[PDB]
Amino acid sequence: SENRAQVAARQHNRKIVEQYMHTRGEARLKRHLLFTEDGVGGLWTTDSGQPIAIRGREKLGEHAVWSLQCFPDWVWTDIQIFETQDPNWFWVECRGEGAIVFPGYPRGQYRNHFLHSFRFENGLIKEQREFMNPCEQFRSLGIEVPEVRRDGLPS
């Protein structure tokens, strides 16, 4: 029963995506338990143009400790979960917001729009990726954002 197996996987995986997106506060310290042992998470949109990937359930648990310090009240909001034709692949559109307490920068407030990709293997997350506009993180840190000159562009 291929269809029955796919339906069951999609239903379970959706529950894991929901749980991930609703994980807040001290529960963030256990969010890595939603991943496979070799699971990868992280931020795919950065100033360098390369992802910052956090590799392995153990490193993901270590990152959570840092995350609670530097984003102490972070929440995802406006959460819209998208199932796909692949029962093991979901997308989420949402916003996120919270204080940002990055080392060596003034404390700030960070808001952004996010897309998340979740790929599953055997009931847990194998790959999580988040995509945002880094310009908004720059603004939250007081970093000057470059501006494309629009004089010559239609408007």
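Quick note: we count residues from 1 along the sequence shown, nothing fancier. Rigid core: the largest C-alpha set superposing within 1.5 Å between the two forms.
Note on 9-17 and 142-150: with rigid core alignment, C-alpha atoms in 9 other deposited structures of this protein sit farther from this form for 142-150.
When the mean C-alpha temperature factors of 62-70 and 37-45 are read from the deposited coordinates, 62-70 comes out higher. The stretch with the higher mean CA B factor, choosing between 142-150 and 11-19, is 142-150. When the C-alpha B-factors of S117, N112, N88, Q50 are ranked from the entry, the top spot goes to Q50. Highest C-alpha temperature factor among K126, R31, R95, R107 per the entry: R107.
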